[PDB]
file run09.tsv (TSV, N, CA and C atoms)
chain	number	residue	atom	x	y	z
A	722	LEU	N	10.32	27.79	-0.56
A	722	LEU	CA	11.61	28.04	0.07
A	722	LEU	C	12.64	26.98	-0.32
A	723	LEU	N	12.19	25.76	-0.59
A	723	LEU	CA	13.15	24.72	-0.97
A	723	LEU	C	13.65	24.94	-2.37
A	724	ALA	N	12.79	25.46	-3.24
A	724	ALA	CA	13.24	25.92	-4.54
A	724	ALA	C	14.30	27.00	-4.40
A	725	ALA	N	14.11	27.91	-3.44
A	725	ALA	CA	15.09	28.96	-3.26
A	725	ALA	C	16.41	28.42	-2.73
A	726	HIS	N	16.35	27.52	-1.76
A	726	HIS	CA	17.57	27.00	-1.17
A	726	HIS	C	18.38	26.17	-2.14
A	727	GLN	N	17.72	25.28	-2.90
A	727	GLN	CA	18.45	24.43	-3.82
A	727	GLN	C	19.09	25.23	-4.92
A	728	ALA	N	18.53	26.38	-5.25
A	728	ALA	CA	19.23	27.27	-6.14
A	728	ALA	C	20.29	28.08	-5.42
A	729	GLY	N	20.60	27.76	-4.17
A	729	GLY	CA	21.57	28.50	-3.42
A	729	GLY	C	21.14	29.90	-3.09
A	730	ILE	N	19.84	30.18	-3.11
A	730	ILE	CA	19.32	31.50	-2.80
A	730	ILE	C	18.77	31.42	-1.39
A	731	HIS	N	19.16	32.37	-0.55
A	731	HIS	CA	19.03	32.19	0.89
A	731	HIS	C	18.46	33.37	1.66
A	732	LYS	N	17.93	34.38	0.99
A	732	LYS	CA	17.52	35.59	1.67
A	732	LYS	C	16.17	35.99	1.09
A	733	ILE	N	15.09	35.74	1.83
A	733	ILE	CA	13.76	35.60	1.25
A	733	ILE	C	12.83	36.66	1.85
A	734	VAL	N	11.84	37.10	1.08
A	734	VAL	CA	10.74	37.93	1.55
A	734	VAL	C	9.44	37.11	1.46
A	735	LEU	N	8.57	37.18	2.49
A	735	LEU	CA	7.35	36.38	2.64
A	735	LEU	C	6.22	37.13	3.36
A	736	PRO	N	4.97	36.66	3.25
A	736	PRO	CA	3.89	37.32	3.98
A	736	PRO	C	3.96	37.06	5.47
A	737	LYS	N	3.59	38.10	6.23
A	737	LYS	CA	3.52	38.00	7.69
A	737	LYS	C	2.59	36.91	8.14
A	738	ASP	N	1.44	36.81	7.49
A	738	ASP	CA	0.42	35.84	7.85
A	738	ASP	C	0.92	34.43	7.65
A	739	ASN	N	1.93	34.26	6.83
A	739	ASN	CA	2.59	32.99	6.70
A	739	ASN	C	3.67	32.76	7.74
A	740	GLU	N	3.72	33.53	8.83
A	740	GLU	CA	4.66	33.18	9.90
A	740	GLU	C	4.26	31.88	10.59
A	741	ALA	N	3.01	31.49	10.45
A	741	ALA	CA	2.50	30.31	11.11
A	741	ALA	C	2.94	29.04	10.43
A	742	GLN	N	3.38	29.10	9.19
A	742	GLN	CA	3.53	27.88	8.42
A	742	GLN	C	4.82	27.15	8.74
A	743	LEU	N	5.67	27.73	9.58
A	743	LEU	CA	7.11	27.55	9.44
A	743	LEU	C	7.65	26.30	10.11
A	744	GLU	N	6.84	25.54	10.84
A	744	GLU	CA	7.49	24.73	11.87
A	744	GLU	C	7.34	23.21	11.70
A	745	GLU	N	6.95	22.73	10.52
A	745	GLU	CA	7.02	21.31	10.20
A	745	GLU	C	8.30	20.95	9.48
A	746	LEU	N	9.41	21.63	9.81
A	746	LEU	CA	10.64	21.68	9.06
A	746	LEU	C	11.83	21.29	9.93
A	747	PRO	N	12.96	20.93	9.34
A	747	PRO	CA	14.20	20.84	10.12
A	747	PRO	C	14.96	22.16	10.06
A	748	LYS	N	16.05	22.21	10.82
A	748	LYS	CA	16.87	23.42	10.85
A	748	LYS	C	17.69	23.57	9.58
A	749	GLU	N	17.80	22.47	8.81
A	749	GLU	CA	18.37	22.44	7.47
A	749	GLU	C	17.80	23.54	6.62
A	750	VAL	N	16.48	23.63	6.58
A	750	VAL	CA	15.78	24.67	5.87
A	750	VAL	C	15.88	25.99	6.60
A	751	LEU	N	15.68	25.95	7.90
A	751	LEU	CA	15.35	27.17	8.63
A	751	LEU	C	16.56	28.05	8.87
A	752	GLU	N	17.77	27.54	8.69
A	752	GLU	CA	18.93	28.35	9.06
A	752	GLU	C	19.84	28.70	7.90
A	753	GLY	N	19.77	27.97	6.79
A	753	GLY	CA	20.35	28.52	5.59
A	753	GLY	C	19.53	29.67	5.07
A	754	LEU	N	18.23	29.65	5.32
A	754	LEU	CA	17.29	30.54	4.67
A	754	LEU	C	16.82	31.58	5.66
A	755	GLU	N	17.01	32.83	5.30
A	755	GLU	CA	16.92	33.95	6.23
A	755	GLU	C	15.73	34.80	5.83
A	756	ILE	N	14.63	34.67	6.58
A	756	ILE	CA	13.30	35.04	6.11
A	756	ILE	C	12.89	36.38	6.71
A	757	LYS	N	12.42	37.30	5.86
A	757	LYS	CA	12.05	38.65	6.28
A	757	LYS	C	10.54	38.83	6.19
A	758	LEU	N	9.80	38.31	7.17
A	758	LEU	CA	8.34	38.21	7.08
A	758	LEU	C	7.70	39.58	7.21
A	759	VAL	N	6.85	39.93	6.24
A	759	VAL	CA	6.27	41.26	6.14
A	759	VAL	C	4.78	41.13	5.85
A	760	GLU	N	4.00	42.17	6.19
A	760	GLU	CA	2.55	42.11	5.99
A	760	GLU	C	2.04	43.01	4.88
A	761	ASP	N	2.89	43.82	4.27
A	761	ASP	CA	2.44	44.82	3.34
A	761	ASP	C	3.33	44.81	2.12
A	762	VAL	N	2.85	45.46	1.06
A	762	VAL	CA	3.63	45.57	-0.16
A	762	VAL	C	4.60	46.76	-0.08
A	763	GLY	N	4.30	47.75	0.77
A	763	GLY	CA	5.29	48.79	1.05
A	763	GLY	C	6.56	48.24	1.67
A	764	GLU	N	6.42	47.16	2.43
A	764	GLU	CA	7.54	46.54	3.12
A	764	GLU	C	8.48	45.82	2.16
A	765	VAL	N	7.93	44.94	1.31
A	765	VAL	CA	8.73	44.21	0.35
A	765	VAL	C	9.35	45.16	-0.66
A	766	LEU	N	8.64	46.23	-1.03
A	766	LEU	CA	9.24	47.15	-2.00
A	766	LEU	C	10.28	48.06	-1.37
A	767	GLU	N	10.28	48.20	-0.05
A	767	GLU	CA	11.46	48.84	0.52
A	767	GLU	C	12.62	47.87	0.58
A	768	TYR	N	12.34	46.58	0.70
A	768	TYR	CA	13.47	45.67	0.79
A	768	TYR	C	14.13	45.40	-0.54
A	769	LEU	N	13.37	45.32	-1.63
A	769	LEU	CA	13.86	44.78	-2.89
A	769	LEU	C	14.39	45.82	-3.85
A	770	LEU	N	14.42	47.07	-3.46
A	770	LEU	CA	14.93	48.09	-4.35
A	770	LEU	C	16.37	48.37	-4.01
A	771	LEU	N	17.26	48.22	-4.99
A	771	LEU	CA	18.61	48.71	-4.79
A	771	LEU	C	18.66	50.22	-4.68
A	772	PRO	N	18.31	51.01	-5.68
A	772	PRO	CA	18.49	52.44	-5.48
A	772	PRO	C	17.25	53.02	-4.87
A	773	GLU	N	17.24	54.33	-4.75
A	773	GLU	CA	16.27	54.98	-3.87
A	773	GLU	C	14.92	55.22	-4.54
A	774	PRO	N	14.83	55.70	-5.81
A	774	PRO	CA	13.48	55.59	-6.38
A	774	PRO	C	13.25	54.25	-7.07
B	578	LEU	N	-2.90	19.43	17.10
B	578	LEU	CA	-3.42	19.94	15.84
B	578	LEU	C	-2.48	20.88	15.12
B	579	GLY	N	-1.58	21.53	15.80
B	579	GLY	CA	-0.74	22.44	15.07
B	579	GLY	C	-1.26	23.85	15.21
B	580	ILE	N	-0.83	24.69	14.28
B	580	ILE	CA	-0.94	26.12	14.57
B	580	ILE	C	-2.33	26.60	14.17
B	581	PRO	N	-2.91	27.57	14.87
B	581	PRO	CA	-4.19	28.15	14.45
B	581	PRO	C	-4.15	28.70	13.04
B	582	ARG	N	-4.84	28.00	12.13
B	582	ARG	CA	-4.90	28.45	10.75
B	582	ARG	C	-5.90	29.57	10.57
B	583	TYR	N	-6.63	29.92	11.62
B	583	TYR	CA	-7.33	31.18	11.72
B	583	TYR	C	-7.03	31.81	13.06
B	584	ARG	N	-7.59	32.99	13.25
B	584	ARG	CA	-7.80	33.49	14.58
B	584	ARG	C	-9.07	32.85	15.14
B	585	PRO	N	-9.37	33.03	16.43
B	585	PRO	CA	-10.68	32.60	16.96
B	585	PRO	C	-11.86	33.35	16.38
B	586	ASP	N	-13.03	33.13	16.98
B	586	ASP	CA	-14.28	33.78	16.59
B	586	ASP	C	-14.15	35.30	16.45
B	587	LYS	N	-14.84	35.84	15.45
B	587	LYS	CA	-14.32	36.86	14.55
B	587	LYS	C	-14.43	38.29	15.07
B	588	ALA	N	-14.55	38.50	16.39
B	588	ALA	CA	-14.43	39.85	16.94
B	588	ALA	C	-13.02	40.41	16.81
B	589	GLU	N	-12.07	39.55	16.44
B	589	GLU	CA	-10.66	39.82	16.31
B	589	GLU	C	-10.32	40.27	14.90
B	590	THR	N	-11.34	40.50	14.07
B	590	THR	CA	-11.13	40.78	12.66
B	590	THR	C	-10.78	42.24	12.42
B	591	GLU	N	-11.20	43.15	13.32
B	591	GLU	CA	-10.66	44.51	13.44
B	591	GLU	C	-10.76	45.37	12.19
B	592	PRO	N	-11.91	46.02	12.01
B	592	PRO	CA	-12.50	46.31	10.69
B	592	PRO	C	-11.56	46.77	9.59
B	593	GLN	N	-11.77	46.21	8.41
B	593	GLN	CA	-11.06	46.59	7.21
B	593	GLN	C	-11.52	47.97	6.78
B	594	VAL	N	-10.83	48.57	5.81
B	594	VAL	CA	-11.12	49.96	5.50
B	594	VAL	C	-11.78	50.00	4.15
B	595	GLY	N	-12.60	49.00	3.88
B	595	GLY	CA	-13.53	49.20	2.79
B	595	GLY	C	-14.06	47.97	2.13
B	596	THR	N	-13.51	46.82	2.44
B	596	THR	CA	-14.03	45.58	1.91
B	596	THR	C	-15.18	45.11	2.76
B	597	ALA	N	-16.34	44.94	2.14
B	597	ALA	CA	-17.51	44.43	2.83
B	597	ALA	C	-17.47	42.92	2.85
B	598	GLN	N	-18.30	42.33	3.69
B	598	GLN	CA	-18.29	40.91	3.94
B	598	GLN	C	-19.68	40.37	3.67
B	599	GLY	N	-19.89	39.82	2.49
B	599	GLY	CA	-21.23	39.50	2.05
B	599	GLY	C	-21.56	38.05	2.32
B	600	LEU	N	-22.86	37.79	2.41
B	600	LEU	CA	-23.39	36.44	2.54
B	600	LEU	C	-23.62	35.91	1.14
B	601	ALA	N	-23.06	34.76	0.83
B	601	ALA	CA	-23.20	34.21	-0.50
B	601	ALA	C	-23.74	32.80	-0.40
B	602	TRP	N	-24.50	32.40	-1.40
B	602	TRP	CA	-25.18	31.12	-1.39
B	602	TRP	C	-24.70	30.29	-2.57
B	603	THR	N	-23.92	29.26	-2.26
B	603	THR	CA	-23.10	28.56	-3.23
B	603	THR	C	-23.52	27.10	-3.33
B	604	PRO	N	-23.20	26.43	-4.44
B	604	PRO	CA	-23.53	25.00	-4.53
B	604	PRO	C	-22.64	24.11	-3.71
B	605	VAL	N	-21.68	24.67	-2.97
B	605	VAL	CA	-20.96	23.90	-1.97
B	605	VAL	C	-21.63	24.13	-0.63
B	606	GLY	N	-22.84	24.67	-0.67
B	606	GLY	CA	-23.44	25.22	0.51
B	606	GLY	C	-23.00	26.65	0.69
B	607	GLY	N	-23.93	27.50	1.11
B	607	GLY	CA	-23.69	28.92	1.20
B	607	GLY	C	-22.59	29.30	2.16
B	608	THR	N	-21.50	29.82	1.61
B	608	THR	CA	-20.35	30.22	2.40
B	608	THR	C	-20.06	31.68	2.09
B	609	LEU	N	-19.21	32.30	2.91
B	609	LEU	CA	-18.99	33.74	2.87
B	609	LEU	C	-18.30	34.15	1.60
B	610	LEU	N	-18.49	35.39	1.23
B	610	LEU	CA	-17.62	36.07	0.30
B	610	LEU	C	-17.40	37.47	0.81
B	611	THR	N	-16.16	37.86	0.92
B	611	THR	CA	-15.82	39.23	1.27
B	611	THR	C	-15.50	39.92	-0.04
B	612	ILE	N	-16.48	40.56	-0.61
B	612	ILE	CA	-16.32	41.23	-1.89
B	612	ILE	C	-15.51	42.49	-1.68
B	613	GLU	N	-14.43	42.60	-2.45
B	613	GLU	CA	-13.36	43.55	-2.21
B	613	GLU	C	-13.48	44.72	-3.17
B	614	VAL	N	-13.15	45.91	-2.69
B	614	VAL	CA	-13.32	47.09	-3.51
B	614	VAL	C	-12.05	47.91	-3.46
B	615	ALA	N	-11.52	48.26	-4.61
B	615	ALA	CA	-10.43	49.21	-4.68
B	615	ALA	C	-10.97	50.54	-5.16
B	616	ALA	N	-10.87	51.53	-4.33
B	616	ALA	CA	-11.20	52.89	-4.72
B	616	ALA	C	-9.91	53.52	-5.16
B	617	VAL	N	-9.77	53.77	-6.45
B	617	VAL	CA	-8.52	54.29	-6.99
B	617	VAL	C	-8.73	55.75	-7.33
B	618	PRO	N	-7.70	56.56	-7.38
B	618	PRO	CA	-7.86	57.88	-7.98
B	618	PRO	C	-7.98	57.73	-9.49
B	619	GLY	N	-8.62	58.70	-10.11
B	619	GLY	CA	-8.85	58.61	-11.53
B	619	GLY	C	-9.62	59.79	-12.09
B	620	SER	N	-10.66	59.49	-12.87
B	620	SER	CA	-11.50	60.50	-13.50
B	620	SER	C	-12.97	60.11	-13.54
B	621	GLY	N	-13.38	59.09	-12.80
B	621	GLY	CA	-14.79	58.75	-12.72
B	621	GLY	C	-15.27	57.59	-13.55
B	622	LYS	N	-14.44	56.57	-13.77
B	622	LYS	CA	-14.80	55.47	-14.65
B	622	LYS	C	-15.00	54.19	-13.86
B	623	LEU	N	-15.84	53.30	-14.36
B	623	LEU	CA	-16.05	52.02	-13.70
B	623	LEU	C	-15.45	50.89	-14.51
B	624	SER	N	-14.79	49.96	-13.82
B	624	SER	CA	-14.50	48.64	-14.33
B	624	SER	C	-14.84	47.62	-13.27
B	625	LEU	N	-15.10	46.40	-13.70
B	625	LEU	CA	-15.59	45.41	-12.77
B	625	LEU	C	-14.95	44.09	-13.13
B	626	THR	N	-14.26	43.48	-12.19
B	626	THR	CA	-13.44	42.32	-12.51
B	626	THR	C	-13.92	41.13	-11.71
B	627	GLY	N	-13.49	39.95	-12.11
B	627	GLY	CA	-13.56	38.86	-11.17
B	627	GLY	C	-14.65	37.85	-11.40
B	628	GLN	N	-14.86	37.46	-12.66
B	628	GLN	CA	-15.86	36.48	-13.09
B	628	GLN	C	-17.27	36.84	-12.64
B	629	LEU	N	-17.57	38.13	-12.54
B	629	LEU	CA	-18.81	38.55	-11.94
B	629	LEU	C	-19.97	38.35	-12.89
B	630	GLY	N	-21.13	38.07	-12.32
B	630	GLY	CA	-22.35	38.11	-13.09
B	630	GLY	C	-22.71	39.54	-13.40
B	631	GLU	N	-23.51	39.72	-14.44
B	631	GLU	CA	-23.91	41.08	-14.79
B	631	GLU	C	-24.99	41.57	-13.86
B	632	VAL	N	-25.61	40.64	-13.14
B	632	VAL	CA	-26.47	40.98	-12.02
B	632	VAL	C	-25.68	41.75	-10.96
B	633	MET	N	-24.40	41.41	-10.80
B	633	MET	CA	-23.56	42.12	-9.86
B	633	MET	C	-23.30	43.52	-10.37
B	634	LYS	N	-23.14	43.65	-11.69
B	634	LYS	CA	-22.96	44.95	-12.31
B	634	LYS	C	-24.17	45.83	-12.07
B	635	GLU	N	-25.36	45.26	-12.26
B	635	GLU	CA	-26.58	46.03	-12.10
B	635	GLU	C	-26.80	46.43	-10.65
B	636	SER	N	-26.49	45.52	-9.73
B	636	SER	CA	-26.62	45.82	-8.31
B	636	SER	C	-25.65	46.91	-7.91
B	637	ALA	N	-24.48	46.90	-8.53
B	637	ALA	CA	-23.53	47.98	-8.34
B	637	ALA	C	-24.08	49.28	-8.85
B	638	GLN	N	-24.80	49.24	-9.97
B	638	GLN	CA	-25.39	50.47	-10.48
B	638	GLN	C	-26.49	50.96	-9.55
B	639	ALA	N	-27.24	50.03	-8.99
B	639	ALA	CA	-28.39	50.41	-8.18
B	639	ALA	C	-27.94	51.03	-6.87
B	640	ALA	N	-27.05	50.34	-6.17
B	640	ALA	CA	-26.42	50.88	-4.98
B	640	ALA	C	-25.64	52.14	-5.30
B	641	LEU	N	-25.13	52.22	-6.52
B	641	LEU	CA	-24.26	53.30	-6.92
B	641	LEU	C	-25.06	54.59	-7.07
B	642	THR	N	-26.22	54.51	-7.70
B	642	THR	CA	-27.04	55.70	-7.82
B	642	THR	C	-27.80	55.95	-6.53
B	643	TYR	N	-27.97	54.91	-5.70
B	643	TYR	CA	-28.46	55.13	-4.34
B	643	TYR	C	-27.49	56.01	-3.57
B	644	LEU	N	-26.19	55.74	-3.72
B	644	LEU	CA	-25.16	56.62	-3.20
B	644	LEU	C	-25.30	58.00	-3.79
B	645	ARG	N	-25.59	58.06	-5.09
B	645	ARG	CA	-25.71	59.35	-5.74
B	645	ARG	C	-26.98	60.08	-5.30
B	646	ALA	N	-27.87	59.40	-4.59
B	646	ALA	CA	-28.94	60.09	-3.89
B	646	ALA	C	-28.50	60.54	-2.50
B	647	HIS	N	-27.27	60.22	-2.09
B	647	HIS	CA	-26.86	60.38	-0.70
B	647	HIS	C	-25.47	60.97	-0.54
B	648	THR	N	-24.94	61.64	-1.57
B	648	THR	CA	-23.61	62.23	-1.47
B	648	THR	C	-23.62	63.43	-0.56
B	649	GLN	N	-24.75	64.10	-0.51
B	649	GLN	CA	-25.01	65.19	0.41
B	649	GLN	C	-25.02	64.74	1.85
call {"tool": "encode", "arguments": {"input": "run09.tsv", "output": "structure tokens"}}
result
Amino acid sequence: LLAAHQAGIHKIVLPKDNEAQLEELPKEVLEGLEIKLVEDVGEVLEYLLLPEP
Amino acid sequence: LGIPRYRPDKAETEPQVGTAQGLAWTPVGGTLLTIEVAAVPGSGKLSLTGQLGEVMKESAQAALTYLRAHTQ
């Protein structure tokens, strides 16, 4: 996520099971970066497609 | 200690839909392996991945034709 933020990239997709990892951090990280935690690959592929197929 | 890096004792595992959970005996001391299986659509061909021994291939054949004694 820090790689993403320093590149100015702020809207992220991540595994649901990694919801636990999140809290050894400051709000510096946690509020520029807007995390869409998902458990399946159907979920990320609905998020990352611009057009419909 | 921080956040539970697992769930508790494993009645909470809530059965998977096809991956078996095998007992493995390793030089780090015998620890689990959940050997994973993808059943794909196709035409009836086998491939086997994952640094496997050929003993695993043969055991797959043995269980496999055991299944072929039990498709009925």
call {"tool": "interface_residues", "arguments": {"input": "run09.tsv", "of": "chain B", "to": "chain A", "cutoff": "8 Å", "atoms": "all atoms listed in the file", "output": "ChimeraX atom specification"}}
result
/B:580-582
call {"tool": "residues_around", "arguments": {"input": "run09.tsv", "residues": "residue A:736", "least_positions_apart": "4", "cutoff": "7 Å", "atoms": "only C-alpha atoms", "output": "count of residues only"}}
result
3
call {"tool": "atom_distance", "arguments": {"input": "run09.tsv", "atom1": "atom N of residue B:590", "atom2": "atom CA of residue B:608"}}
result
18.0 Å
call {"tool": "select_by_dssp", "arguments": {"input": "run09.tsv", "residues": "chain B", "states": "alpha helix (DSSP H)", "output": "list in words"}}
result
residues 631, 632, 633, 634, 635, 636, 637, 638, 639, 640, 641, 642, 643, 644 and 645 of chain B
call {"tool": "residues_around", "arguments": {"input": "run09.tsv", "residues": "residue A:768", "least_positions_apart": "6", "cutoff": "12 Å", "atoms": "only C-alpha atoms", "output": "PyMOL selection string"}}
result
chain A and resi 732-735+756-759+761-762
call {"tool": "atom_distance", "arguments": {"input": "run09.tsv", "atom1": "atom C of residue B:621", "atom2": "atom N of residue B:598"}}
result
23.2 Å
call {"tool": "atom_distance", "arguments": {"input": "run09.tsv", "atom1": "atom N of residue B:613", "atom2": "atom N of residue A:769"}}
result
27.9 Å
call {"tool": "residues_around", "arguments": {"input": "run09.tsv", "residues": "residue B:610", "least_positions_apart": "2", "cutoff": "8 Å", "atoms": "all atoms listed in the file", "output": "MDAnalysis selection string"}}
result
chainID B and resid 597:602 607:608 612:613
call {"tool": "residues_around", "arguments": {"input": "run09.tsv", "residues": "stretch 634-643 of chain B", "least_positions_apart": "5", "cutoff": "8 Å", "atoms": "only N, CA and C atoms", "output": "MDAnalysis selection string"}}
result
chainID B and resid 625 629 648
call {"tool": "select_by_dssp", "arguments": {"input": "run09.tsv", "residues": "chain A", "states": "strand (DSSP E)", "output": "PDB file with N, CA and C atoms, in the coordinates of the input"}}
result
ATOM      1  N   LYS A 732      17.930  34.380   0.990  1.00  0.00           N
ATOM      2  CA  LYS A 732      17.520  35.590   1.670  1.00  0.00           C
ATOM      3  C   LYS A 732      16.170  35.990   1.090  1.00  0.00           C
ATOM      4  N   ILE A 733      15.090  35.740   1.830  1.00  0.00           N
ATOM      5  CA  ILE A 733      13.760  35.600   1.250  1.00  0.00           C
ATOM      6  C   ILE A 733      12.830  36.660   1.850  1.00  0.00           C
ATOM      7  N   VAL A 734      11.840  37.100   1.080  1.00  0.00           N
ATOM      8  CA  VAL A 734      10.740  37.930   1.550  1.00  0.00           C
ATOM      9  C   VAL A 734       9.440  37.110   1.460  1.00  0.00           C
ATOM     10  N   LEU A 735       8.570  37.180   2.490  1.00  0.00           N
ATOM     11  CA  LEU A 735       7.350  36.380   2.640  1.00  0.00           C
ATOM     12  C   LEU A 735       6.220  37.130   3.360  1.00  0.00           C
ATOM     13  N   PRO A 736       4.970  36.660   3.250  1.00  0.00           N
ATOM     14  CA  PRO A 736       3.890  37.320   3.980  1.00  0.00           C
ATOM     15  C   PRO A 736       3.960  37.060   5.470  1.00  0.00           C
ATOM     16  N   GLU A 755      17.010  32.830   5.300  1.00  0.00           N
ATOM     17  CA  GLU A 755      16.920  33.950   6.230  1.00  0.00           C
ATOM     18  C   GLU A 755      15.730  34.800   5.830  1.00  0.00           C
ATOM     19  N   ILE A 756      14.630  34.670   6.580  1.00  0.00           N
ATOM     20  CA  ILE A 756      13.300  35.040   6.110  1.00  0.00           C
ATOM     21  C   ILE A 756      12.890  36.380   6.710  1.00  0.00           C
ATOM     22  N   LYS A 757      12.420  37.300   5.860  1.00  0.00           N
ATOM     23  CA  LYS A 757      12.050  38.650   6.280  1.00  0.00           C
ATOM     24  C   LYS A 757      10.540  38.830   6.190  1.00  0.00           C
ATOM     25  N   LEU A 758       9.800  38.310   7.170  1.00  0.00           N
ATOM     26  CA  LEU A 758       8.340  38.210   7.080  1.00  0.00           C
ATOM     27  C   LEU A 758       7.700  39.580   7.210  1.00  0.00           C
ATOM     28  N   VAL A 759       6.850  39.930   6.240  1.00  0.00           N
ATOM     29  CA  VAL A 759       6.270  41.260   6.140  1.00  0.00           C
ATOM     30  C   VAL A 759       4.780  41.130   5.850  1.00  0.00           C
TER      31      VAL A 759
END
call {"tool": "residues_around", "arguments": {"input": "run09.tsv", "residues": "residue A:726", "least_positions_apart": "5", "cutoff": "12 Å", "atoms": "only C-alpha atoms", "output": "list in words"}}
result
residues 731, 732, 733, 749, 750, 751, 752, 753, 754, 755 and 756 of chain A
call {"tool": "decode", "arguments": {"input": "run09.tsv", "residues": "chain A", "atoms": "C-alpha atoms", "output": "compact mmCIF listing (two decimals), in the first residue's frame"}}
result
# COMPACT_ATOMS: atom_id res chain seq x y z
CA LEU A 722 0.00 0.00 0.00
CA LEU A 723 2.89 2.39 0.61
CA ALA A 724 4.14 1.72 -2.88
CA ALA A 725 0.67 2.64 -4.08
CA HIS A 726 0.43 5.82 -2.02
CA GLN A 727 3.86 7.18 -2.92
CA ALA A 728 2.94 6.77 -6.53
CA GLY A 729 -0.10 8.87 -5.73
CA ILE A 730 -2.36 5.87 -6.30
CA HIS A 731 -5.09 5.77 -3.71
CA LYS A 732 -7.90 3.34 -4.58
CA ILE A 733 -6.94 -0.25 -3.88
CA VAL A 734 -8.34 -3.80 -4.11
CA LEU A 735 -7.18 -6.39 -1.46
CA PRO A 736 -8.06 -9.81 0.02
CA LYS A 737 -10.79 -9.97 2.64
CA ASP A 738 -8.64 -12.19 4.82
CA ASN A 739 -6.16 -9.37 4.92
CA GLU A 740 -8.66 -7.14 6.75
CA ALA A 741 -6.79 -8.14 9.89
CA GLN A 742 -3.47 -6.69 8.85
CA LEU A 743 -4.52 -3.10 8.86
CA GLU A 744 -3.92 -1.59 12.23
CA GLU A 745 -0.18 -1.13 12.95
CA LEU A 746 -0.45 2.05 10.85
CA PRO A 747 -1.12 5.78 11.18
CA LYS A 748 -4.06 7.56 9.57
CA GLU A 749 -1.53 8.93 7.06
CA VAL A 750 -1.76 5.61 5.28
CA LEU A 751 -5.29 4.71 6.16
CA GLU A 752 -7.13 7.75 4.86
CA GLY A 753 -5.40 8.67 1.65
CA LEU A 754 -5.82 5.05 0.65
CA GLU A 755 -9.32 3.78 0.07
CA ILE A 756 -9.40 0.02 0.36
CA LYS A 757 -12.04 -2.29 -1.17
CA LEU A 758 -11.49 -5.56 0.72
CA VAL A 759 -12.86 -8.58 -1.15
CA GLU A 760 -12.72 -12.37 -0.71
CA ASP A 761 -13.15 -13.62 -4.27
CA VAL A 762 -11.81 -13.10 -7.76
CA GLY A 763 -15.34 -12.43 -9.06
CA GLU A 764 -15.30 -9.37 -6.80
CA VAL A 765 -12.04 -7.80 -8.00
CA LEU A 766 -12.95 -8.50 -11.62
CA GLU A 767 -16.22 -6.68 -11.20
CA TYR A 768 -14.33 -3.76 -9.77
CA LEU A 769 -11.46 -3.50 -12.27
CA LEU A 770 -13.31 -3.69 -15.55
CA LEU A 771 -14.22 -0.46 -17.25
CA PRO A 772 -16.63 -1.82 -19.84
CA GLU A 773 -19.15 -4.55 -19.39
CA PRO A 774 -17.56 -7.64 -20.92
